[PDB]
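As structure tokens, one chain now follows by itself in the form deposited without its partner chain.
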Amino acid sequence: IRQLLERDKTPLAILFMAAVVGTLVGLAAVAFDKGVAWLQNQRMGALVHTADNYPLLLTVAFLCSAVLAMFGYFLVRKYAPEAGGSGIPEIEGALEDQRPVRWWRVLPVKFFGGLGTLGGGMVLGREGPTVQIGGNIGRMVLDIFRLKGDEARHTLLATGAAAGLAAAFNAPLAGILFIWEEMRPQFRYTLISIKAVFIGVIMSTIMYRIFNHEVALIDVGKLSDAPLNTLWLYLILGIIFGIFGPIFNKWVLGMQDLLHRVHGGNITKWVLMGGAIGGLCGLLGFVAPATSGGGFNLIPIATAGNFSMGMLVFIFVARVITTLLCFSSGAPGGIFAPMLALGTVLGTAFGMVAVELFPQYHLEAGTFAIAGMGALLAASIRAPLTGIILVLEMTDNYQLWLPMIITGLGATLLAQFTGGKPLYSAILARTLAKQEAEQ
């Protein structure tokens, strides 16, 4: 039993409080999806009404995406600037007791704002929203029960975060790990109940399962094992990911600055630029579907081997551009799921080349797709084990655990020894830097 491995006392009331967080964050995530689904579906509704007139069809594809995104960007800047971006480094800073948790503002704004952006088909994941909404719900039940002390504050906050990520990806184990590998700080120690995190996670996960009729987010089928002879090829894949991750990080950070210059703070300009980017991804959604959107659409396609090498390269470059654009603009939305799609494409690409260059081996291109899927998470987020267990939980391919660990180990060691840093930490340090420039 895993239950025996964690017989460490935490107050019971707090545990009960965690199940409340879990259930609420569960419902939150679920309702969020249905909002996103509904909007993407209303958007298609217009595109069918105008299948007659082509230029108008594009112009509506642009405007509906623009008007939705503009709504998002506005809420954030009018009512809750910290709801911009992922909001994972906010929750990280809150766990450092260095950032507030203004749930009364962040709750409606992150929810409807992401509903805007993700409803528009912007290249943004639901992770940022569900973790930040989650953590903030944690703080919310804490404040309602007027609960006391660091242990309650940190535990319920991390429960909200863990359950949030669990619910995004029907992946309970990822949720737990993600707290202990990335979200908590070290050398500035904290008090987090494993049992509570487990409990919240378990409760949000079943929420997903109840409202999502027995379906995988990613159906990749079953794929072949990885021969021993092959194992070294996964280390080369990883080394590539270890060089690219830190470069992407700089690109992510640099693009936050570069885009800031366009509006220089101004709400109207910011919303307008946001609307441009908003609208653009809705256009791209119709004309080149794999360059825009979330990324779950193309992952099963690319894994089966249904794209071509030339097409893979097109998608990679195009998605790097639209991810850096949608996210660094500071819309409510995550970079996490975008990193899964980019990793899968890069991984699949590596497959195709490996298959031909080594015809003696017995290679499936799709097994390099899966090992890459979590390898940008190892190289940029610098949370390898989460990526791995996440990918393992979402794809169900448990036979690939060793090639995947080799890819991740390679990614992180190369990411460290080229002087990159955790993307969420770098974003937070930048936030704390601005806050410590007015003191």
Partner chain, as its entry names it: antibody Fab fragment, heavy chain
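Residue numbers count along the first chain shown, from 1.
The same protein also has a form solved in complex with its partner chain, omitted here; what follows describes it.
Segments offered: 357 to 365, 323 to 331, 239 to 247, 337 to 345. Contacting its partner chain in the bound PDB entry at heavy atom distances within 4.5 Å is 357 to 365. At the 4.5 Å threshold, heavy atoms of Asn297 stay clear of its partner chain in the bound PDB entry, well away from it. For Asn266, no non-hydrogen atom is located within 4.5 Å of its partner chain in the bound PDB entry, even though that partner is not displayed. Not displayed here, its partner chain is kept clear of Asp257 by more than 4.5 Å at the level of heavy atoms in the bound PDB entry.
In the bound PDB entry, none of the heavy atoms of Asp143 sits within 4.5 Å of a heavy atom of its partner chain. The single contact residue among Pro108, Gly149, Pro227, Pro289, judged by any heavy atom lying within 4.5 Å of its partner chain in the bound PDB entry, is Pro227.
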